[PDB]
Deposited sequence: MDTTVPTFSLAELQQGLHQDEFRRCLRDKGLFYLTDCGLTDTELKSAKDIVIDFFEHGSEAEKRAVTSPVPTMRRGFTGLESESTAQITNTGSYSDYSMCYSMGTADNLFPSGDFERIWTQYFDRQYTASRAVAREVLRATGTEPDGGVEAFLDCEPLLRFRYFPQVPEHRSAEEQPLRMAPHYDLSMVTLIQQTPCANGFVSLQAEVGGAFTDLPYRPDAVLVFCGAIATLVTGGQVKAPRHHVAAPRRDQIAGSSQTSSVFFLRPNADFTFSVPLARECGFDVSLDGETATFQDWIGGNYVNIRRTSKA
């Protein structure tokens, strides 16, 4: 088996091309680069520069105004390296220019994430309980980190995670070995998460990955709604060590009352 991380054009997938290859990739690797999805180094520059400007030239007062009262990294500024997070609502923006630039950037990320997830579902003949569109109108989280192992091995609990980033620190398990994941100015890196594995009945792999040890990274988590419902027996069938009584359960029943993005 070739341990090369493949690349797929979103447009070609939506045209019904490379279906066998796509299904194979999802099952055996669970990761791939995605082109023709409206996201490149171009649509990233604007957002990157303005947030970097904020991280470097923003005053403690300005940063305070966009910092949540609890340091959860859900919205606004966070000092972990620095981070800026946002979602579909309840956002914290430092300026009008910043808001316009980041709202557009977030929208493009959310659109691309839903589109590729839509293809993952179609290629596996998966109809989520409640329908595809209700499943995809969810609870995304975008996190931009600035770093002027650096992250332990783990897998994502998202449906899919889109990464842009800017030495190759990011590595993922492929074929049984850690493969480097360099940036592609013309594409976005896609990691399938445990929810893709769960909703498709085990047809999709959620690969482990980590960051080895100055750069920036944009991570977009497409996460299901709390009421997303699934089959308990089926979950057991593909590796989930669930402690759920009954035949069906929700994302909330499984993970709890607070979103958990990664797992070791």
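Need the unmodelled segments of the deposited chain, numbered from 1, in order.
Gaps vs deposited seq, in order: 81 to 97, 166 to 177, 196 to 200, 248 to 256, 308 to 311.
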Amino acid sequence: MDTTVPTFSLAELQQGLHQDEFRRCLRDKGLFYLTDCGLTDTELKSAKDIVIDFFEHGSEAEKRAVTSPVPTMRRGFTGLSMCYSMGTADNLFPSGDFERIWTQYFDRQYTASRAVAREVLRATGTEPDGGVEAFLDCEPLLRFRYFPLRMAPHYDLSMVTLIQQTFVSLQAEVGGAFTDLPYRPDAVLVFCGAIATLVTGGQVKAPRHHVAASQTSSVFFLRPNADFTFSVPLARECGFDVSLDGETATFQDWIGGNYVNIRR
From here on, numbers count along this sequence of modelled residues.
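Look up the CA B-factors in the entry and say which stretch, 70 to 78 or 171 to 179, has the higher mean.
Result: 171 to 179.
Please compare 233 to 241 with 219 to 227 and name the stretch with the higher mean C-alpha B-factor in the deposited structure.
The recorded data point to 233 to 241.
Can you pull the Cα B-factors for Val204, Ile195, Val211, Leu31 from the entry and say which is highest?
That would be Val211.
For the C-alpha B-factor as written in the entry, point me to the maximum among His154, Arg118, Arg108, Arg145.
If I rank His154, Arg118, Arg108, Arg145 by C-alpha B-factor, first place goes to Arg145.
Report the third (lowest, middle or highest) to which the CA temperature factor of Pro128 belongs, ranking only the modelled residues of the same chain.
As the PDB entry reports it, the C-alpha B-factor of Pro128 lands in the middle third of its chain.
Going by the entry, which third of its chain does the Cα temperature factor of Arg114 land in?
According to the entry, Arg114 has a C-alpha B-factor in the chain's lowest third.
Mind checking which third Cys83 falls in for C-alpha B-factor across the chain?
As the PDB entry reports it, the C-alpha B-factor of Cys83 lands in the highest third of its chain.
Which third of the chain holds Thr161 when residues are ordered by C-alpha B factor: lowest, middle or highest?
According to the entry, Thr161 has a C-alpha B-factor in the chain's lowest third.
Which third of the chain does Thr248 land in by C-alpha B-factor: lowest, middle or highest?
For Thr248, the deposited C-alpha B-factor lands in the middle third.
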